[PDB]
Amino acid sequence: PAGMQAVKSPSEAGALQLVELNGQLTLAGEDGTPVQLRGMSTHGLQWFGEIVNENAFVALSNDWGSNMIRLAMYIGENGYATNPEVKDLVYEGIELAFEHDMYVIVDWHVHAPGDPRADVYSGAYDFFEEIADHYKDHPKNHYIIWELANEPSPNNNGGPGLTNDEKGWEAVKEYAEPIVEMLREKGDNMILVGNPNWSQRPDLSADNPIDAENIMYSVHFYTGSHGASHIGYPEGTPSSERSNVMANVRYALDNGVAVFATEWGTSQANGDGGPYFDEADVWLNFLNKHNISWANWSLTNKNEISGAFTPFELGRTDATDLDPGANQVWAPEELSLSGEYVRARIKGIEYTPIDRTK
């Protein structure tokens, strides 16, 4: 629709890069003009991997208008560390994104535990090395975006967590510099790096960034929990006071790094409540105004507020099939409240929700 000129497909935009625009670093296509990516995140491929199918990726690219998709490969929580076969879905997903003209974020979904250096995540370097080797001479290699650690956090379920401060950021930096260097040996593909407190801290990254090209830093927000703000931190505010996630994004951009909202949801961060649509409006107007790409959480029919698809609810609904079939569209009532809203926001169309009574 109108105002969608920056939301270009990879066939048009080509290799991504960061350019200075208004004294801030922003995502751009090959020709230097700003590019913004909008799309969806899978839930963990070990639980809801059936979304990686032909008709669903066609639906998300054409009917929903997405020019990007994110593949969330958990490692702990029965992901890649214990079932290696989840990696097969990352490959299949890249192949379909290639085919249906979407950039694809390969996400090493650090989560439980929250320290990316934990033993359970020891396969990270080899994982990224393997995938990058497979695709380095492919003509569509530039479609791939690497995301090295979903959410550095204090989560200690399955190993150590991290602190919300410089020590925490230095732990992530320590983890990522080897992998960045090896990935830069294989190509120039964008690398998105998470940061403390469930990637709410791009501002810490701005204060001590990785010395490499095409590195962007994550922000993750859930509109039921992370309140919008218009006052940026005063010049010289120490990191100890930087608690507001929106102001943390403004600080990162104002202090010279680029940002990518690699995961956001319409619920509270505790997974549910809402959806919170007037605040998601304020947040997406903020992202869109500042050319920050975004991926919404998530492509599941699980019965949780952030889930994009209608769940099974005994008295009222059957769960939407994660393959939409040959028509390659999911009908409006097969989308949950969140899914229906996010599809309209990815498309850039007016939000006109169906009456869920009838």
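A residue's number is simply how far along the shown sequence it sits, counting from 1.
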Practice item. Taking the mean of the C-alpha B-factors per stretch from the entry, tell me the winner out of 298 to 306 and 318 to 326. Key: 318 to 326
**Study point:** 262 to 270 versus 96 to 104 - which carries the larger mean C-alpha B factor in the record
**Key:** 262 to 270
Exercise for review: Within this chain's modelled residues, let me know which third the CA B factor of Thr33 belongs to: lowest, middle or highest.
Suggested key: highest
Check your understanding: Can you tell me which third, lowest, middle or highest, the CA B-factor of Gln24 falls into for its chain?
Key -> highest
Revision key, fill the gap. Among the modelled residues of its chain, the C-alpha B-factor of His43 falls in the third labelled middle
Exercise for review: Please place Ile69 in the lowest, middle or highest third of its chain by C-alpha B factor as given in the entry.
Suggested key: lowest
Practice item. Within this chain's modelled residues, let me know which third the CA B factor of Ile210 belongs to: lowest, middle or highest. Key: middle
